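I have placed the structure first, in the form of structure tokens, so that the comments after it can refer back to it.
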Amino acid sequence: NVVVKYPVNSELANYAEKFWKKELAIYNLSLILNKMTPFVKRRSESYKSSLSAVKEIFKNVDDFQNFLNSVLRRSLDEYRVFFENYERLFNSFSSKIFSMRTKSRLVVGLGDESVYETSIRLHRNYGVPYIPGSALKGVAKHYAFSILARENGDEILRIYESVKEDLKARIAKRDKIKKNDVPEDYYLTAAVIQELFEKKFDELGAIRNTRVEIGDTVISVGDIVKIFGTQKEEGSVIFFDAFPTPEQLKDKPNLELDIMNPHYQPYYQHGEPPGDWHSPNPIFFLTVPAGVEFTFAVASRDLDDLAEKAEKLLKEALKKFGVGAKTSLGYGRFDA
Amino acid sequence: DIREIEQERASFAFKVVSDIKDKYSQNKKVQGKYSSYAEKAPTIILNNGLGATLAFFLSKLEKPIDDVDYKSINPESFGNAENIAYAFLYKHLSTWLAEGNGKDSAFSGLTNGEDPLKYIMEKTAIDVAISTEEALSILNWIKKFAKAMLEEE
Amino acid sequence: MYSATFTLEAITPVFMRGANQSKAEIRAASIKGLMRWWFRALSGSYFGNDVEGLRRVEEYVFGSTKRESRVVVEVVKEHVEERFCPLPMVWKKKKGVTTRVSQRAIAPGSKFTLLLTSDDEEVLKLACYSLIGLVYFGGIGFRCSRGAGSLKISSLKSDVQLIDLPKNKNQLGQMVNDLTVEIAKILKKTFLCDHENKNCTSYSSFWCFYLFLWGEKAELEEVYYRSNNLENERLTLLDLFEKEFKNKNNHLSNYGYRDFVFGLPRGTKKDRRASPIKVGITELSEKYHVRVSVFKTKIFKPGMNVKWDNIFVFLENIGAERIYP
Amino acid sequence: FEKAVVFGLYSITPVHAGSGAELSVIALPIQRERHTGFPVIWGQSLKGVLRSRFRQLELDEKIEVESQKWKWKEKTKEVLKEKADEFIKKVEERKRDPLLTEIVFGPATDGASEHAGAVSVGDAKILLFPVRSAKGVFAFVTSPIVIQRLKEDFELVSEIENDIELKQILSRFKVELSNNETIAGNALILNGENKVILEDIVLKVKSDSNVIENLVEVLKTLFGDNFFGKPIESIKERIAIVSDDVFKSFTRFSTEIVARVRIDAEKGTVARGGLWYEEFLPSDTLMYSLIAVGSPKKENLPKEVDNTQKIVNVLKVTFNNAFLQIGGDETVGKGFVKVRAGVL
Amino acid sequence: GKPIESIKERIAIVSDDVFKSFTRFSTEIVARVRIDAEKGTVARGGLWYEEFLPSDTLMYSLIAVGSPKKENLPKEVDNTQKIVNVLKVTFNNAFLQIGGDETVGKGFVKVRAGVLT
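Residue numbers (the entry's author numbering), protein chains in the order written: chain I, 4 to 339; chain G, 2 to 154; chain A, 3 to 327; chain E, 5 to 348; chain D, 233 to 349.
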């Protein structure tokens with residue numbers, strides 16, 4: 004058997020114990036996940052507070068997922084009225100609203116410092132997954148950077164050899180010596196483009212005439228820098244957060260589990276040789292399953308054409324680049 | 002004469018950070034891991050509470066709960082660098098919350114009679130909120146001193 | 003940002019499970035880790051004991067905790083069909099019957115693509131070569147070492163040129179030396195690391211790699227384990243291979259198949275050592291043959307060593323034909 | 005100070021009322037009263053957004069005064085024909101604020117010493133603090149200090165409006181709760197137990213129906229029958245009153261702590277020290293602030309804004325059921341509130 | 233506006249030096265700013281900070297009133313005692329605005345007069 008201990012104060016310890024055994028209903032997922040952490044103890048003489056460890060206290064993984072979704076499903080009415088209010092907020096500004104479904108799995112906020120050694124962007128009030136608008140703006144900006152680098156790599160390097168040499172020197176100082184390694188590749192092109200868009204925004208006037216193709220329409224560099232704003236000018240497009248539509252929150256689960264099984268972890272960390280040893284230790288992280296529908300909205304402040312251009316570019320970014328964690332493994336991809 | 006609690010906070014943080022720097026000067030990994038853990042600890046306390054953070058420190062230490070007396074922990078008796086850093090952080094936090102900067106100092110400690118983990122176990126929420134404020138303040142001081150004088154990674 | 007599309011198709015059931023053990027599905031992370039292992043093994047011959055250089059080039063290609071991977075792998079379309087198929091070398095403990103155990107797995111066929119993208123042509127070629135070597139010389143998922151999860155490529159659409167598709171056993175065997183030479187040349191040109199340091203690989207690599215062939219079939223329905231009884235006359239290629247493996251006469255050993263010449267979980271010692279022999283199934287010109295891939299290494303596992311001749315004498319006993327080398 | 009209007013702020017999205025004058029454990033704190041710690045929005049910050057929003061409506065000719073459009077170009081021309089084009093050029097070059105804004109909020113920084121503004125925007129105090137609960141997902145939490153400060157606010161508007169009838173609405177509230185006690189609706193109390201759980205604590209429930217009903221009626225009078233999108237009766241059972249220090253602990257701990265990073269495309273990870281923490285006011289929080297209106301001190305005022313009453317209705321008709329941005333992080337969808345213009 | 237016994241429990245007597253430290257440093261300091269409307273950011277050089285007395289601060293004055301110097305005055309304001317009742321009635325429980333930050337809602341203070349025993 005197993006022993007479960009709670010590091011919370013008295014009284015609330017017993018109440019949380021009752022909550023986890025499904026004796027008493029729980030309506031807020033964030034609260035039960037964060038402030039009522041169970042410290043499940045395995046045959047080892049320790050209390051592991053990991054998601055893998057707390058999975059054990061259930062019958063199986065499916066019971067865990069069903070319990071989490073049931074806790075989420077109780078708050079459906081309050082979340083529905085909140086979503087109605089949020090949609091009303093969208094209609095006030097002349098914003099563009101589009102909806103995309105999770106083509107693959109999505110996980111945002113995997114890196115926040117939690118006791119579980121992993122986390123997930125859950126709303127503080129209703130405990131639902133959502134994508135912060137900062138993440139949307141960042142992924143849109145980085146996809147614009149990547150498209151610019153791929154389309155006009157060497158050209159801007161010729162135009163801006165001074166700052167690219169400065170960046171190469173900076174990399175050389177940080178990375179051992181590497182005095183003149185400086186591979187003039189897409190990585191360095193993206194780096195110098197970001198440096199232009201972050202600290203040398205004034206120099207972008209020369210390249211403002213250039214246009215990059217996104218989707219079907221073309222977008223100027225000056226249009227992009229006006230969209231995302233600089234250190235001296237505020238952005239002209241508002242990036243709202245993304246929330247799942249509450250209609251599907253009752254039929255299909257909005258949350259599910261995923262597995263991390265790092266074999267050869269000592270090889271990666273302590274430098275041990277690879278091979279058929281170093282018994283892997285698996286831990287789990289929560290993530291919204293594929294097919295979950297989300298609602299996105301972007302509102303301009305000067306020109307609505309800027310809003311529609313930002314909407315198209317963000318749609319392309321979510322289609323190709325993706326948002327959230329594991330964007331290099333196909334996670335966080337959307338489709339129409 | 003009176004002494005402000007901020008002075009005791011700074012003195013304790015400097016003492017512990019200088020102690021870890023001097024004892025493990027050769028161990029770059031220990032210093033880097035301790036700095037990262039000190040910078041990441043306040044967020045964990047805010048998200049999951051002080052008691053959960055204190056227990057999670059002991060979870061990595063492999064020591065069991067309900068036998069948690071900080072005076073009975075030898076933080077150097079752990080082979081792994083991560084275990085060393087976690088033991089140092091837990092010992093510093095518990096020492097601050099139990100004794101402060103000493104009896105003669107201005108801050109004699111909040112709990113003052115037992116381990117702060119037990120304090121959180123069997124005391125009211127106002128006291129644990131006071132302890133959480135104290136822990137956040139001392140953690141900020143320790144994080145500042147570690148980011149200043151301890152080697153990062 | 004070059005691209006490479008691979009339209010895979012499993013000739014044998016695939017046991018690839020996510021967090022939920024019962025539910026099985028294609029996982030990009032699992033296959034990416036498998037490609038990492040296959041790149042380490044295939045390029046291990048070019049590195050030998052040069053662990054640090056191999057780690058450096060691996061962190062370059064597949065990223066690390068200080069740099070994002072420049073290769074992005076995503077599964078796009080999955081025409082899967084969940085079904086029930088039995089484990090290769092695991093039988094139930096039923097009283098008297100003791101039949102096989104059939105967990106949920108992806109059905110044979112189920113053509114699903116797998117998309118490769120990278121900003122560098124050389125790194126894309128390296129990733130493609132590692133993935134094609136993994137597909138040809140082994141399977142993916144649970145119990146892959148005992149004939150499960152093997153696939154073959156149904157279509158290919160890539161920009162960077164790759165090795166040609168083998169048409170028979172000779173081409174398949176030559177493909178080993180081919181891929182080794184191409185990866186060696188690419189690594190020497192780009193990374194310019196150590197040039198084939200003379201030392202046997204301490205891990206499973208291509209420094210000492212041998213390819214074996216055994217049996218042939220024409221109908222896929224009579225390939226995987228079908229009969230649940232040894233005495234049955236409808237034993238398939240996998241079933242016949244398992245029956246030959248069970249016969250202690252073929253392999254010369256004190257404990258026979260139960261010794262430590264195979265995967266560690268056999269006997270008192272649990273450990274985590276896998277079977278050096280990687281049993282697989284390959285289809286050549288619409289003819290299916292059992293692939294027996296064996297990786298020879300200097301040390302079996304820290305603490306003990308085993309005699310490798312038991313595997314080779316077993317292969318010679320049941321008439322396994324060594325195509326490579 | 006003739007008439008006073010109460011403005012209710014309800015945060016649809018987290019609001020970062022920036023302080024920028026201190027450093028804490030979780031960086032980028034919010035502006036709070038020093039001696040109490042309760043999150044407040046100082047009048048200067050709240051006035052700025054109101055003035056800025058007012059400018060756009062006038063410059064785009066969207067302000068409806070007396071159910072009529074306000075053509076500021078002609079209104080300034082009719083009022084100030086002596087320098088109609090001279091003043092227009094000042095506001096064309098953004099050196100001066102338009103005609104209506106200077107009357108209501110005050111003259112632009114260029115013309116500082118011409119006169120004084122007709123509006124005294126008070127500070128926005130915390131009224132309802134959303135706190136997570138086991139049942140009744142989040143409970144609107146209030147403290148005896150808050151309602152006591154609310155009572156003084158009602159005394160101030162009563163003195164300004166010379167209406168004693170509004171000075172006794174909440175005068176029947178006097179509660180002395182211990183730390184472990186609370187006054188909460190049925191939706192928060194656990195079934196079969198006289199206890200409530202508010203995100204970190206188990207509080208015994210103290211039974212007194214009128215206290216919540218009195219407060220519920222006050223908001224109903226203040227902001228009508230629509231509580232920013234839901235009926236008040238639907239939230240009357242979710243309101244909880246906690247002790248003074250319990251409320252202080254909630255506001256100092258339950259505020260949103262958001263981790264943000266900057267990703268450099270050279271490496272693909274977080275840059276060197278490119279991560280920082282930002283503290284936000286939780287969503288679905290209620291903050292109120294009185295908007296005192298005095299006599300407009302500008303010379304030769306139009307007949308439509310001559311008196312305070314004509315100013316008050318224009319303010320109400322233009323800043324009710326509207327959405328504003330408070331604090332920073334405007335472009336990442338933060339700091340958006342729904343404002344309600346209420347009169348006692 | 234509140235019972236005095238409700239606030240007696242929160243009254244602390246500290247030494248003179250300790251009280252001096254509270255008066256010097258615990259006063260509110262607010263970093264006001266102005267923003268350029270066109271650029272949307274803080275205007276160049278437009279940043280200034282102020283110091284405020286904290287709310288719920290109790291201060292007492294002392295008004296000394298003599299006989300009205302100006303003659304030809306009505307009987308209801310004859311002596312100082314007549315004058316005192318005018319001030320007491322019109323100022324007891326009244327809200328003023330001392331100092332000037334009125335447009336940003338700063339300076340309001342409750343006033344309660346009253347003669348001694």
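The beta carbon of each residue, even a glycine, is placed where N, CA and C say it ideally should be.
Less than 8 angstroms separates the beta-carbon of A:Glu76 from that of A:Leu117.
If you compare the alpha carbons of A:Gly282, A:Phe297, A:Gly305 and A:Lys303 with that of A:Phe314, the shortest gap goes to A:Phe297. A:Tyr257 carries a coil assignment under DSSP once its states are collapsed to helix, strand and coil. Rounded to the nearest angstrom, the gap between the Cα atoms of I:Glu319 and I:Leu151 is 14 angstroms.
DSSP places I:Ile159 within a helical segment (H, G or I) once states are collapsed to three. E:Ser258 and I:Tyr190 have their C-alpha atoms spaced approximately 41 angstroms apart. By the Cβ-count criterion, E:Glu334 is buried, with 16 or more other Cβ atoms from all chains shown falling within 10 Å of its own Cβ.
About 7 angstroms separates the beta carbon of I:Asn31 from that of E:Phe142, a gap short enough to meet the 8 angstroms contact definition. Judged by DSSP in its simplified three-state form, D:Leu348 adopts coil rather than helix or strand. A direct Cα-to-Cα measurement between E:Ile245 and E:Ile45 gives close to 22 angstroms.
Under the DSSP definition of a beta bridge, I:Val228 lacks any partner. Within the same chain, Cβ atoms closer than 7 angstroms to the Cβ of A:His253 are found at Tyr259, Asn312, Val315, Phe316 and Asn319, the five residues on either side in sequence being excluded.
For I:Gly136 and I:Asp244, the gap between their C-alpha atoms comes out near 4 angstroms. When rounded, the separation of the alpha-carbon atoms in I:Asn69 and I:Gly114 is 25 angstroms.
Separation of A:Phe86 and I:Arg124 (C-alpha to C-alpha, rounded to the nearest whole angstrom) is 36 angstroms. Rounded to the nearest angstrom, the Cβ distance from I:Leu170 to I:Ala194 is 6 angstroms, consistent with a contact under 8 angstroms. For the segment 274-338 of chain E, the continuous alpha helix (DSSP H) assignments of 4+ residues that do not extend past its boundaries occur at 312-322, in sequence order. Three or more Cβ pairs drawn from the segment 135-144 of chain G and the segment 85-103 of chain G lie within less than 8 angstroms of each other, which places the two stretches in contact.
With its beta carbon less than 8 angstroms from one in chain D, E:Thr113 belongs to the interface. A:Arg145 and G:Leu55 have their alpha carbons spaced roughly 41 angstroms apart.
Residues of chain E whose Cβ lies closer than 8 angstroms to the Cβ of A:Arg69 are, in chain order, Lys271, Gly272 and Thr273. For D:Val250 and G:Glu5, the gap between their C-alpha atoms comes out near 10 angstroms.
Out of E:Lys66, E:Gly41, E:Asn166 and E:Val53, the CA that lies nearest to the CA of E:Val341 is found in E:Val53. In terms of Cβ geometry, I:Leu75 and I:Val131 form a close pair [threshold 8 angstroms]. Beta-carbon to beta-carbon, A:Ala220 and A:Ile108 are separated by about 23 angstroms, too far to satisfy the 8 angstroms threshold. Runs of the beta strand (DSSP E) lying entirely within the segment 220-299 of chain I, each at least 3 residues long, are 220-223, 240-242, 259-263 and 286-290 in chain order. With a minimum length of 4 residues, the unbroken runs of alpha helix (DSSP H) contained wholly in the segment 42-111 of chain A fall at 46-49 and 53-64. Counting the other Cβ atoms within 10 Å of the Cβ of A:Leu232 gives fewer than 16, which makes it exposed. The segment 249-259 of chain I and the segment 271-285 of chain I do not touch, with fewer than three beta-carbon pairs separated by less than 8 angstroms.
Taking a C-beta distance under 8 angstroms as the contact criterion, G:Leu47 and E:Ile261 qualify as a contact pair. Taking the CA atoms as reference points, A:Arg268 sits about 39 angstroms from A:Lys68.
Contact of E:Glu159 with chain D by beta-carbon distance below 7 angstroms involves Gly233. Taking 9 angstroms as the cut-off between beta carbons, the residues of the segment 72-106 of chain A near chain I are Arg72, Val73, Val74, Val75, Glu76, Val77 and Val78, in sequence order.
Just so you know, the alpha carbons of A:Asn51 and A:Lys191 end up roughly 20 angstroms apart. Remark: C-beta atoms of G:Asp105 and G:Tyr71 do not approach each other more closely than 8 angstroms. Taking the C-beta atoms as reference points, I:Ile230 is found no nearer than 8 angstroms to I:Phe96.
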